[PDB]
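Down below is the structure, laid out as C-alpha cells.
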Amino acid sequence: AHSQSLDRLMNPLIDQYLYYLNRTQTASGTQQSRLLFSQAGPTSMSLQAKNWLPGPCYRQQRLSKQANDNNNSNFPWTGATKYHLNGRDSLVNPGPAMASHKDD
Amino acid sequence: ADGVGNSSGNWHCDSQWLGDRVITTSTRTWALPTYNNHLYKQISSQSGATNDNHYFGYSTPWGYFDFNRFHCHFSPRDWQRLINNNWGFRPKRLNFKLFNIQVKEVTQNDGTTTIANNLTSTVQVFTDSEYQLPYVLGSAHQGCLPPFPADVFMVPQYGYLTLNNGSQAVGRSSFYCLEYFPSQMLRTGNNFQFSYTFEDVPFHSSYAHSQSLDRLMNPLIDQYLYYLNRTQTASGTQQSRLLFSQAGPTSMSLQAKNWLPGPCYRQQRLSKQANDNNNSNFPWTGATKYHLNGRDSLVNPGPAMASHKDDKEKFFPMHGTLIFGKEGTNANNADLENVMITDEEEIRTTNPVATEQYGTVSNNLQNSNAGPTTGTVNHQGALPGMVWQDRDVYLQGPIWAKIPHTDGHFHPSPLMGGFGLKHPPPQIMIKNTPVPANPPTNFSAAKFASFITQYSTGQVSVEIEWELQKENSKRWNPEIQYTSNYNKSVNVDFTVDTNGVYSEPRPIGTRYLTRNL
Amino acid sequence: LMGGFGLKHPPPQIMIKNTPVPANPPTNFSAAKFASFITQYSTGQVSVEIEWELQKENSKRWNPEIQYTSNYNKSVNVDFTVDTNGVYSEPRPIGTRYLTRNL
Ligand SMILES: Nc1ncnc2c1ncn2[C@H]1C[C@H](O)[C@@H](COP(=O)(O)O)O1
Ligand SMILES: Nc1ncnc2c1ncn2[C@H]1C[C@H](O)[C@@H](COP(=O)(O)O)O1
C-alpha cells in the first residue's frame, strides 16, 4: 500500500515558483472584477500544480452496513451501474479498481 | 586528499555543441544553513484549515539540491540555438560535483556578529540511488539553481508528506530518518561526485505542426466514400428521405477521417481584458478539479489542450497553463501584468481547446415522432484513434518528474511538462554535522539542545549531456524563429539591470520549427 | 595609431575575481538572492616573462650616431629614481628612434 497520497507528493516546506489564480474579484472596497495571482505553498496544497491525475472512475452506488440507513426500496438491478452490450444490460461487477470508501 | 590550502575543484560553466549532442554545464555557489536546530519535527496542517488543505508530514534538518529547471542548464542564447535548429531533444547522462566546501561558525555578542572558519567541521552528503525516500523534486518548488551564474542561492530544506486523516496520522504514515542512510562526510578539502544515466525517453517535440488534424485530406480530389447529405427532401412537400453524397473539397467537415483529437477535460475561460470577466469570486468554486479521497484538488495545469481557438488571443483557460512571475513580483495577489502566462497555442492542430467542449453525441433514439436530440461532451477519455501533443517545455520549467510507482500509468508524461522518468535523477541530500557546545561536567542522559551555530557554503557543478534531433524539413518558405526585438530599449532582455538584478522578460517555449502530421 | 604592434590574436585577457562567500543565511528557506556577503579581498604575486627578438645595427656610417644619454650635470634628484619620499618618477618620455638608417 502506498505511504503517500497522489496529491501530497509535494515538499510541504517549500513554496512553488508557479503562480495560480487566487482571486477573480477585488478583496476590499467596491467589488470589482480583477485577476490576482499567487504562488501556492504549504498553507494551501489543493491549489498547487501537479503532474498526475487519479485513475479512471466509473461510479458506483453507495450502501450502508447499518440497517435502516439505506433507502427503503428494491434497487439491486434498477439503481445499479451496468454496461449495455448487444441489447442486454449487465452489471459492472466488481468493476474498475476504485477505493471503497473515503477517510473516516 | 587535498587539505586546507588546495582547491578541490574548478569552475566549469560552459556549454559545448557537438551537433549530434549538446553538453551543458552549470557551476554555482550555495549556502546551507542549519535547519530547525538539527531536529526532525513533524509538521501538520493547522486545525481550522479546510478539509482539502490538511496534511501530515515531517521536516528534516537535511537540505537538498535541485537543478530540475531548464534555465539552470541553458543560457537564453543556448536555449535559442536549441529551439530554433532542432525538432527534439532528450537528456542522456548527467554528472554532479560538490567542491570547495567551507564551514563557518557564527558567534553573536551584543549587537555584533562574528564569522570564523571552522576547519575541522564536517558536512554530510548522500545521493539516494534506490529511491527509498519520498521524491519531492517534480513538484515545481523553488530553490533550484539560479538562472544567472553569478548568483548565490540558498539550499532548500527537505521535508515530506505521508498519509493523514484530517490533520492526524494513520498508522501507515511512514517516518524516514535520513540519518539512517550511508552518507559521505566531508571537510574542507573533500569533494563529492557521482554520475547518472537517463533511461530511454521519448524526444520532446520541439516542433509545431504544419497541418491541422482534420485537414490531412487532398484538397483537390473527391472521396469515394458516401456520407448522408440529406435526411429530408430538398423541394416540394417536405418528406423523410435519405440522400447520400461523396464529400469533397467544398465540404471538408463532412468527410470520413481516420483520427480523433486528443482527450479533453474542460477548463473555464478567462479574459485578460478587465471588466470582460464575470464579477464574482470563482477560482475555487467555478474551477475544474478532481476529487481524491474526499478532498477536492484543482486540475492544474491539466491535460495538454490548446489555450485558445483561432483569432482569440485575449482569453486563457483558468488553471490551464503555466504562469511565471516577472522579477520582483509579490507571492500574493499579483496583478495580471506582473505574471507571465504561457500559451499552448501550438497544439491547436491536434489537442482540443481547453475552454471548449470535446464534441457532441446523440443522447436518444429518434423516430418519426421524436426528433433527434444530442448531448455535449465536456470530458473525454482515450478513444481508439486519438492523437495528441504533450505540453511544451519552457526555458524556466520542470525538466522531469518521477512516474509514481503504481500498477498502471497512462501516457506517463508530466502534466506540467518535461520527461516522465521511472528512475529520475537521484535526490542529493546535504546537512551540517552537529557540533555540540561545551557539555556539563557531570553526566546527564538528556539530549543536547546546545549546539554551535554554524553554516556551510561551497560550489556545485551539474553537467548534463543532451541528445538532439535535427530538422530534416523540405519546407520551402522561411520558418518562424525566436528572435530578439531590434528596437531600442532602456534594458536588454535576459540581462541584469542597473541594480544588478537578473530578469527574464518572457517565457520561451520550444516549439517554432514546423513538421507535418 | 597610438603605437606598437597590431595583432589579430593579441595576448589573451587574464580575468580574476574573489569567489563570493555568503554570510550567515536565515534559518528558514527564502528564495531571494543573497545580498549578505563576507567582506574580503585578495593579494598575491604576478610574473610576466616576454621574449623579445632584436634586429642588430649593420650600418657603415662613419661618424658617431646619436645615443640616449643621461645628463652629466649634478642635480637634486637622479632621473628615473625614487625621491626622498619614496616616489618613483619618470622625467621624460623616451622614444626608440636614435640610430639612423638610409632610405
Ligand atoms: N514522457 C514519457 N516518458 C515515458 N514513456 C512515455 C512518455 N510519453 C509516452 N510514453 C510511452 C507511451 C508511448 O506510446 C511510448 C513511446 O515510446 P518510444 O520510446 O517512443 O518507443 O512510451
Ligand atoms: N603592425 C602591423 N601588424 C600587422 N601587419 C602589419 C603591420 N604593419 C603593416 N602590416 C602589414 C602591411 C605590410 O605591408 C605587411 C608587412 O608584412 P611583413 O611581415 O613585413 O612581411 O604587413
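Order determines the names: the first chain of the C-alpha cells is A, the second B, and so forth; residues in each chain are numbered 1 upward, and ligands are numbered 1 upward as they are shown.
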
Could I get the residues of chain C with an atom no further than 12 Å from an atom of ligand 2, each paired with its nearest atom pair and that distance in Å to one decimal, using only C-alpha atoms and all ligand atoms, sorted by chain and residue number, as CSV?
```
residue,atom,partner,partner_atom_place_in_ligand_line,distance
C:1,CA,ligand 2,1 (N),9.6
C:2,CA,ligand 2,1 (N),11.3
C:3,CA,ligand 2,1 (N),8.7
C:4,CA,ligand 2,1 (N),7.0
C:5,CA,ligand 2,1 (N),4.7
C:6,CA,ligand 2,3 (N),4.2
C:7,CA,ligand 2,3 (N),5.9
C:8,CA,ligand 2,4 (C),7.8
C:9,CA,ligand 2,4 (C),10.6
C:10,CA,ligand 2,3 (N),10.8
```

Within 7 Å of ligand 1, counting only C-alpha atoms and all ligand atoms: which residues, as a PyMOL selection string?
-> chain B and resi 200-202+411-414+418-421

Kindly save the residues from that selection, with N, CA, C and O atoms included, as a short mmCIF file (atom, residue, chain, number, x, y, z; two decimals), in the first residue's frame.
```cif
data_model
loop_
_atom_site.label_atom_id
_atom_site.label_comp_id
_atom_site.auth_asym_id
_atom_site.auth_seq_id
_atom_site.Cartn_x
_atom_site.Cartn_y
_atom_site.Cartn_z
N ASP B 200 15.98 5.46 -21.41
CA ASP B 200 15.44 5.85 -22.71
C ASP B 200 14.08 6.51 -22.55
O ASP B 200 13.18 5.98 -21.89
N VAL B 201 13.95 7.69 -23.15
CA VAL B 201 12.75 8.50 -23.02
C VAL B 201 12.47 9.17 -24.35
O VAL B 201 13.39 9.49 -25.11
N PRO B 202 11.20 9.32 -24.70
CA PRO B 202 10.87 9.94 -25.98
C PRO B 202 11.43 11.34 -26.09
O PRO B 202 11.44 12.10 -25.12
N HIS B 411 0.20 7.05 -20.53
CA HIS B 411 0.95 8.13 -21.17
C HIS B 411 1.65 8.99 -20.14
O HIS B 411 1.45 10.20 -20.11
N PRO B 412 2.44 8.37 -19.26
CA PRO B 412 3.15 8.99 -18.15
C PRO B 412 4.06 10.15 -18.53
O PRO B 412 5.27 10.03 -18.39
N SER B 413 3.50 11.26 -18.99
CA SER B 413 4.31 12.40 -19.32
C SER B 413 3.81 13.43 -18.33
O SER B 413 2.61 13.61 -18.21
N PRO B 414 4.73 14.07 -17.59
CA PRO B 414 4.34 15.06 -16.58
C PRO B 414 3.42 16.11 -17.15
O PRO B 414 3.68 16.64 -18.22
N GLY B 418 7.87 18.23 -19.59
CA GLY B 418 9.13 17.53 -19.46
C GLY B 418 9.08 16.03 -19.63
O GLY B 418 8.22 15.50 -20.33
N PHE B 419 10.02 15.34 -19.00
CA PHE B 419 10.31 13.94 -19.27
C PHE B 419 9.87 13.11 -18.08
O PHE B 419 10.47 13.20 -17.00
N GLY B 420 8.84 12.29 -18.26
CA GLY B 420 8.47 11.35 -17.22
C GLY B 420 9.51 10.26 -17.10
O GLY B 420 9.90 9.64 -18.10
N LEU B 421 9.98 10.03 -15.88
CA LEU B 421 11.05 9.08 -15.64
C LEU B 421 10.66 8.14 -14.52
O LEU B 421 10.16 8.58 -13.48
#
```

With a distance cut-off of 12 Å and only C-alpha atoms, select the neighbouring residues of residue 216 of chain B, excluding the residue or stretch itself and same-chain residues fewer than 3 positions from it, and output the selection as a CSV table (one decimal) with C-alpha atoms, in the first residue's frame.
```csv
chain,number,residue,atom,x,y,z
B,209,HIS,CA,2.5,21.0,-36.8
B,210,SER,CA,2.1,22.4,-40.4
B,211,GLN,CA,-1.3,20.7,-40.7
B,212,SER,CA,-4.5,20.5,-38.7
B,213,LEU,CA,-5.6,17.0,-37.8
B,219,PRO,CA,-8.0,19.3,-51.2
B,220,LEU,CA,-8.2,18.6,-55.0
B,252,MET,CA,-14.4,19.1,-45.8
B,253,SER,CA,-16.1,18.8,-42.4
B,255,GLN,CA,-15.5,13.6,-44.9
B,256,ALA,CA,-14.5,10.4,-43.4
B,257,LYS,CA,-11.4,10.6,-41.3
B,258,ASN,CA,-9.0,8.2,-39.6
B,259,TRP,CA,-8.1,10.0,-36.5
B,349,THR,CA,-3.8,21.1,-34.7
B,350,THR,CA,-4.5,18.0,-32.5
B,516,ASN,CA,3.7,17.8,-41.0
B,517,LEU,CA,1.4,15.4,-39.2
```

Would you please work out which residue, of B:358, B:153, B:74, B:87, is nearest to residue 20 of chain C when using only C-alpha atoms?
->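 Checking each candidate against residue 20 of chain C, we get B:153 as the closest.
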
Just how far from atom CA of residue 365 of chain B is atom CA of residue 86 of chain A, in Å to one decimal?
-> 15.5 Å
